[PDB]
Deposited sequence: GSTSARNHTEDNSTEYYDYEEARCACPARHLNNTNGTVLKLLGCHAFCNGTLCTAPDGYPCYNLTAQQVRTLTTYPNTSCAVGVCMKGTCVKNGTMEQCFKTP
């Protein structure tokens, strides 16, 4: 009776950068309260692949920075050393 939710709005663990920039979201989607949610248009993100996401440590690989548009992390030339 007492275990309801309240709109997709729970926090997500971003990826970090040793160069002192905004924390970026891995992809544009997050599992919030058991649902799949899309980040807002314009949200900073990283655009990684399965092998890339597996090759992520705590910084050693160059992660492609991008911006979330309509649920897709559109890259924008820039790259940053990102870590977990």
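A.B. asks: Let me make sure I understand the coverage. Which parts of the deposited sequence, in order from the N-terminal end, have no C-alpha coordinates here?
C.D. replies: Seq positions lacking coordinates: 1 to 16, 75, 102 to 103.
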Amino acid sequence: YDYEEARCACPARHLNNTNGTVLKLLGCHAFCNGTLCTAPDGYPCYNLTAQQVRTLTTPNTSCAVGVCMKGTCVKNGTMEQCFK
From here on, numbers count along this sequence of modelled residues.
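A.B. asks: Looking at the deposited entry, does 33 to 41 or 48 to 56 carry the larger mean Cα B-factor?
C.D. replies: Mean CA B-factor is higher for 48 to 56.
A.B. asks: Taking the Cα B-factors listed in the entry, which of 72, 76, 16, 62 comes out highest?
C.D. replies: Comparing C-alpha B-factors across 72, 76, 16, 62, the maximum falls on 62.
A.B. asks: In terms of the CA temperature factor given in the entry, to which third of its chain does residue 2 belong: lowest, middle or highest?
C.D. replies: Top third by C-alpha B-factor.
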